[PDB]
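Okay, structure first, notes after.
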Amino acid sequence: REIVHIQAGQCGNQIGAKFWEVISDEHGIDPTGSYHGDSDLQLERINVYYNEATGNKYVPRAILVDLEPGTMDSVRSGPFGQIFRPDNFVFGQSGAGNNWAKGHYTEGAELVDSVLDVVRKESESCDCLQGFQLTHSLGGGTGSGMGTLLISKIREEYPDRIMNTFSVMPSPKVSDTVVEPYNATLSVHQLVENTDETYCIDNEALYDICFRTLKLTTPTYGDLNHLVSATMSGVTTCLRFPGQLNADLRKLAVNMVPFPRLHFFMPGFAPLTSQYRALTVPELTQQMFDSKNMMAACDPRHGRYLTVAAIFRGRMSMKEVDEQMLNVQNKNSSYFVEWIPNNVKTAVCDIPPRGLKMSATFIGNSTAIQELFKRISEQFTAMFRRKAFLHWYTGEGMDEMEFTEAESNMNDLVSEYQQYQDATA
Amino acid sequence: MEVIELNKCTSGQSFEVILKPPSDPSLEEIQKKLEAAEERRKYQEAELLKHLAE
Amino acid sequence: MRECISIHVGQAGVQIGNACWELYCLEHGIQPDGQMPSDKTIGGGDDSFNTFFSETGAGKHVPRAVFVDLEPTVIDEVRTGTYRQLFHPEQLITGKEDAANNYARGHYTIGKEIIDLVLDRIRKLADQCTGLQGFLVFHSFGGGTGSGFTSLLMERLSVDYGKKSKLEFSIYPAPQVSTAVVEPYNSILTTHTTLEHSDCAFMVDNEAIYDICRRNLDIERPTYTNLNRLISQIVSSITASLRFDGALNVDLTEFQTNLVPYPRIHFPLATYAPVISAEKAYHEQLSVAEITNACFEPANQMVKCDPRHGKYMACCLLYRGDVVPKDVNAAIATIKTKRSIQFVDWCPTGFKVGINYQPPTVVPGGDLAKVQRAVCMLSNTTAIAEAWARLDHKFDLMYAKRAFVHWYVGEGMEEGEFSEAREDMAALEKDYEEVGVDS
Amino acid sequence: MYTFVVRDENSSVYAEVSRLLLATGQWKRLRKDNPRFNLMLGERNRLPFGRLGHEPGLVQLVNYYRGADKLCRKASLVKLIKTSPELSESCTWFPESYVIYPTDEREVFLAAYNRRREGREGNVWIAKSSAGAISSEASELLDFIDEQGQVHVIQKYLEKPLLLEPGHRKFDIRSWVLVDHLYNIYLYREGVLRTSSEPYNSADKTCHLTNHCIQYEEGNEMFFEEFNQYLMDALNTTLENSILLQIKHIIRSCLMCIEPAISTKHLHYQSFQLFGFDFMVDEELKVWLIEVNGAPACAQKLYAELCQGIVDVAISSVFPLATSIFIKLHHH
Ligand SMILES: Nc1nc2c(ncn2[C@@H]2O[C@H](COP(=O)(O)OP(=O)(O)OP(=O)(O)O)[C@@H](O)[C@H]2O)c(=O)[nH]1
Ligand SMILES: Nc1ncnc2c1ncn2[C@@H]1O[C@H](COP(=O)(O)OP(=O)(O)CP(=O)(O)O)[C@@H](O)[C@H]1O
Ligand SMILES: Nc1nc2c(ncn2[C@@H]2O[C@H](COP(=O)(O)OP(=O)(O)O)[C@@H](O)[C@H]2O)c(=O)[nH]1
Ligand SMILES: COc1ccc(/C=C\c2cc(OC)c(OC)c(OC)c2)cc1O
Ligand SMILES: [Ca+2]
Ligand SMILES: [Ca+2]
Ligand SMILES: [Ca+2]
Ligand SMILES: [Ca+2]
Ligand SMILES: [Mg+2]
Ligand SMILES: [Mg+2]
């Protein structure tokens, strides 16, 4: 039933805030937490993400976390800042210095108990908790280091609940600091053990989409976060709106993850928006499966899809949707594994996103994602082979061994993806 | 082709037509399996919490 | 008069149960508040419809039904629906969180927590039965509740109600309507566990119902409501002999006697005709011979398969409406010479026939045209093994890579249970080949 | 475009059909076990018909009729002709045949054999079976059947075959027949005669077998223009009149007989199949059906045109792309 949302760090809080703006709009909730919608389907599954406080107010079941106050202060000042529960803001002052060790071992350890206190308080008010979704980046300190520490503690205290993350992967094209490959590599290992579903949101891909498709010569983080918020709204649509599938996080994990470690999804969206022309179902299906519309910078033609989940939003012909989906599978027969029957699932929701008559959101468990983890691993090794920048971490108590193990684990992950990219029936 | 066993009533009738003649586990045994599965769950969870403790 | 208790497990079982009890109420003149004007014995009786409805002193006819689901949203539709007044709250059992399409989660993890409460409510229905015949169990193959909780419940029913008959209505999984990629797993697991606890099981392939809805009702995208109204017509024609005066199939034991010569091969193939669109303006009423011929068309079967390439072990014809035995025997004469109907050499080549004069009833505003005569054919033919083959192949494709297996082991199952279940299915397939094929 | 799969590499004809399908650029081959195919050029044995026609969005077609083995199996053919009212034991074009096990007919075979020895009639018989790839004494026949471990047919041996001159030599006729998803029957205009080079000696299996593997014209294969010209010169008649009306009649009888049991109309998948009919001709210009082959190879010269005929008539009629070489045998 209920989902508990957590956003950690600068990136995590900015994409999280956009997410709450978008879905609050879709459910007709104004910045003061009041419902002003015209349809009842807006409120049918509203409690998945919102508590109801008397006065007919809805409060996001969201927890905002950071080790420095700036980004959370902006969230409180931004649009919809007054919708969040003020007790749910949990922040320190020292910051994490884009250092995974500081978020995981030193500064973050000091704040983690207060976060877990707010988490416990939200869980206790849950009729039946499904699990948690975390928004964060892997390139920084707080979202990456403290994010994964939080996930570990939450798994300890709620071993049977689902753990889902939207994880922003760093890219040299949109780099804050050079140590991003270290942080991400350390984070990936944690995710491999302690999440059931992770949406890989690659900043390289977001940049390319803004530059090439959306024709934006100079993208900002806000422009990337528009794509991220549209995607997050797409993938959670089946959770938030009534439908024939009655989807929840655990059903999504069971049907998308054939092997526990291989749970890193490639999201995709169509039409790419930043235009009044109506988009037909064939165009939606062609764009949806195009690499240029996917938000992890991997080529799906370099691997094979283990599983696919697609949701179409708006008023359209379901017969045409099924026709186009079956057609695209037949055109791309070589890129779907044959030893999983019926591994492409389609859902429909009558309600479209804001400012579109119809859209499509794509969730792919593809072996091509190994490219992403290879990219990071290369960057990691390039610095690690000379021990470059390691002192920032050894100064916080870590040892080279932990780095060697994280690298080894990620290369293992890549190997595991290759094993099933080759396997056939 | 013969018709046999014709029964009639107010709601309907029934008959047979022939065209050619011919040419458990106990309750305890259940609870042992269920309790075995519960134990394998509890063991795997204990291994998880041990790992997290490390 | 001997009672029959219906058990509806999981989403598919519950929604189909809804369609069925709505149809029963229309067929017996029972109104949604439980009142039945034509019943002159208030508060009691041993009429034929009393096998499915008990009576209260207030004149309410209450289904002998239990609805079970591991989450509440589907059964809540029963609680707040048109026929809410029909059921005692004690009859609608709901859980907290479903089985997430996981057999192991429904059989072991979550089932073990609710099985005793379900058995309790069932025992409460059985206590008001002067002579309980047995149970009719409705469920899907593919769902986690539908498969796992049903198999556990069937074990416990074989324990607590030995000497009582158990019949299944099973929704066989189709990609056109499916919910999960792991449905082949759940199908094999629940079939293996349930096989020795079920006396007779009627499989309904969602693919067949879907195609019949598209083709005969001109519904481009059939919903669960359409599928379930068609399925409820078939179920009604199967249980009509239990609910009405008659001489054929008057007790659950007779289904085994007439349809199942060997205990493991207890899956009769159902074929239904005619299915006519209601929005269709111009209708023409099919003859006894036309619908009886339709019973041998693969496109009207509940499971897609070719009986021409199998052997019959038993064939029973259930007519409803304007039908007299003369037309039935004429039609049979024609068909025996125009179709390939081979029987096993150790069974008579007869047809057991039953006729109910009351024509099929349809839901007002439904998509089914009301016809003057209809027939459901139940035949036990080896051709249905094709469906098992299909299912088993899918199982094999995934299990060769152990895909998704970890979700089951994580609940307490063992990898060995998969192979055990699959070997049982291989035995079942071999049994069908031994009974039905020549060299 | 159109997807298809291949599950019979040994197939001579459908290796060429597989060749052509790619040659149109609009057909893409798949792996053997990928079930998302429009077409299956499938295997001879254990072909899983039960798994066809269940893929959503796909129209599925297979190059074999389930149940057509009753025609293409010798004991099955004999049983099918004796027990079908449409054919019957009376039918004139099938040589007298019996089935013997080493459901059995060992008593009636000898029962007629005595009626032939007493009648002083030509009493030569041949025993054979489906597994393989002649005598006047029955004891020598049955003792030969019991030494191998399979069901065998004993059939009358045509002691008066038509003989090609020059040579005084025996032949057999092969006709290729395509049955499509609508059960139209198409007789390929080009048949072949498979001849014997050693003169017929009614008093050595080579002289009495036509098969080619055991063996005037190139490769002992005489084609229809030449056999027709020979029939005109030597016997003042045409192939059409003297032989081809009977061949067409037999093909129609056999196929119409089993149509209700194998037809894929109203089924969830569709079948087609190419058959090889093997006929015998006696000195009265009477045509006798010898055997029906379900997976035949073609004549090397006739692989082309014919395989294009399979693609034209059988495959692209259901899966269309972006003068007839077939004779449509009409039927109801
Ligand atoms: N014909 C028909 N099939 C249904 C219906 N509901 C679900 N199904 C089929 O049942 C299968 C899924 O099983 P469910 O009954 O939904 O699952 P469940 O038993 O509720 O168990 P959970 O996994 O806990 O949700 C799919 O193959 C569906 O096509 C229905 O109302 N009618
Ligand atoms: N009753 C008969 N009278 C005369 N010759 C006969 C005969 N039966 C068989 N033959 C000869 O035996 C040969 C092969 O017999 P058979 O019917 O087994 O064909 P076959 O299956 O071996 C060749 P294929 O596989 O190409 O059809 C024929 O070419 C024919 O000349
Ligand atoms: N898409 C996106 N990426 C961001 C945003 N902010 C930071 N990043 C990326 O996140 C990484 C830096 O981590 P950050 O969240 O700022 O550090 P933290 O506060 O310690 O968690 C780098 O890869 C940045 O490119 C944002 O708003 N949107
Ligand atoms: C193998 O494919 C499957 C993939 C997912 C599910 C279950 C739920 C589900 C959940 C979703 O988000 C919460 C979702 O997309 C928004 C979705 O789209 C179809 C489905 C079931 C399947 O059979
Ligand atoms: Ca401090
Ligand atoms: Ca504390
Ligand atoms: Ca009464
Ligand atoms: Ca029993
Ligand atoms: Mg930053
Ligand atoms: Mg359910």
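Couplings 3J(HN,Hα) for segment C:341-352, derived from phi with the Karplus relation 6.51 cos²θ - 1.76 cosθ + 1.60 (θ = phi - 60°), are 10, 8, 9, 5, 5, 10, 9, x, 8, x, 10, 7 Hz, where x marks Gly and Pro.
Centroid-to-centroid, using Cα positions, segment C:290-347 and segment C:185-255 are 18 Å apart. A straight line joining the Cα centroids of segment A:360-425 and segment D:1-75 runs 44 Å.
Centroid-to-centroid, using Cα positions, segment A:272-322 and segment A:79-105 are 35 Å apart.
What fraction of the Cα pairs in segment A:329-425, stated in percent, has a spacing above 15 angstrom? Of all Cα-Cα pairs in segment A:329-425, 74 percent lie more than 15 Å apart. Temperature 37 °C, viscosity 0.692 mPa s: under these conditions the Stokes-Einstein estimate for segment D:277-332, based on its Kirkwood radius over C-alpha pairs, is 230 µm² per second.
Beyond 19 Å, what share of the Cα-Cα pairs of segment A:17-157 remains, rounded to the nearest whole percent?
Counting every Cα pair in segment A:17-157, those more than 19 Å apart make up 54 percent.
Calculated on C-alpha atoms, the gyration radius of segment C:269-383 divided by its Kirkwood radius gives an Rg/Rh of 0.98. Each of A:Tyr420, C:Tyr262 was scored by other Cβ atoms within 10 Å of its Cβ. Arranged with the fewest first, they read C:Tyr262, A:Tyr420. The helix-only estimate of mean residue ellipticity at 222 nm for chain A, built from DSSP H runs of length n ≥ 4 each weighted as -39500 (n - 2.57), is -12500 deg cm²/dmol after division by the residue total. In terms of surrounding Cβ atoms within a 10 Å radius of their Cβ, C:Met36, D:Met1 rank from fewest to most as D:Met1, C:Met36. Counting only Cα atoms, segment A:259-368 measures 39, 29, 24 Å along its principal axes, largest extent leading.
Among DSSP beta bridges whose residues both lie in the protein assembly as shown, state the antiparallel percentage, nearest 5. Kindly include the intermediate steps, with their values, before the conclusion.
On the way: 89 of 166 bridges.
That works out to approximately 55 percent antiparallel.
Sparse packing (at most 12 other Cβ atoms within 10 Å of the Cβ) combined with a DSSP loop state is found for the following trypsin sites (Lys or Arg not before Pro) in segment D:4-70: D:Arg46. Each eigenvalue of the Cα gyration tensor of chain B, multiplied by 5 and square-rooted, gives one semi-axis; in descending order these are 65, 16, 13 Å.
Convex hull over the alpha-carbon atoms of segment D:1-132: what's its volume per residue in Å³?
Per residue, the Cα convex hull of segment D:1-132 comes to 177 Å³.
All Cα-Cα separations within chain D were binned at 10 Å from zero, giving a P(r) of 5, 24, 31, 24, 12, 3, 0, each value a whole percent of the pairs.
Please compute the Kirkwood hydrodynamic radius of segment A:1-78 from all pairs of different C-alpha atoms, in Å with one decimal.
Radius from the Kirkwood sum: 13.1 Å.
When the Cα atoms of segment D:161-219 are aligned to their principal axes, the ranges along those axes come out at 48, 20, 20 Å in descending order.
The Rg/Rh ratio for segment D:96-159 is 0.94, where Rg is the radius of gyration of the alpha carbons and Rh is the Kirkwood radius. Radius of gyration over Kirkwood radius for segment C:384-439, both on Cα atoms: the Rg/Rh ratio is 1.08. Note that segment D:1-63, at 20 °C in a medium of 1.002 mPa s, gets a Stokes-Einstein diffusion coefficient of 179 µm²/s from its Kirkwood radius over C-alpha pairs. When you filter the GluC sites (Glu not before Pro) in segment C:178-239 for DSSP loop state and at most 13 other Cβ atoms inside 10 Å of their Cβ, you are left with C:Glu220.
Using Cβ contacts closer than 10 Å as the measure, can you line up D:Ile134, A:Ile46, A:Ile15 from fewest to most? Going from sparsest to densest Cβ surroundings: D:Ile134, A:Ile46, A:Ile15.
Sorting the Cα pairs of chain C by distance into bins of 20 Å, from 0 upward, gives 26, 60, 14, 0 percent per bin. Put simply, the convex hull of the Cα atoms in segment C:49-165 casts, on average, a shadow of 7.6 nm².
Considering only Cα atoms, the convex hull volume of segment C:114-177 works out to 86 Å³ per residue. The Kirkwood hydrodynamic radius of the protein assembly as shown, based on inverse pair distances between different Cα atoms, is 34.7 Å.
Taking trypsin sites (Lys or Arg not before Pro) across segment C:154-184, the ones in a DSSP loop with at most 15 further Cβ atoms lying within 10 angstrom of their Cβ are C:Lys163. The coefficient of translational diffusion for segment A:369-425, derived via Stokes-Einstein from the alpha carbon Kirkwood radius under 25 °C and 0.890 mPa s, stands at 194 µm²/s. Mind grabbing the base-10 log of I(q)/I(0) for segment C:147-216 at q = 0.24 Å⁻¹? Debye formula, identical points on the C-alpha positions, no solvent, two decimal places. Normalising to I(0) and taking log10 leaves -1.05. Convex hull of alpha carbon positions in segment C:314-439: directionally averaged projected area 13.2 nm².
So for chain A, considering every pair of alpha-carbon atoms, how many percent are separated by more than 29 Å? Of all Cα-Cα pairs in chain A, 42 percent lie more than 29 Å apart.
Throughout, read-outs are computed from the coordinates displayed, never taken from laboratory work. Positions of Cβ are backbone-derived with ideal geometry, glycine not excepted, and every protein chain shown enters the neighbour counts.
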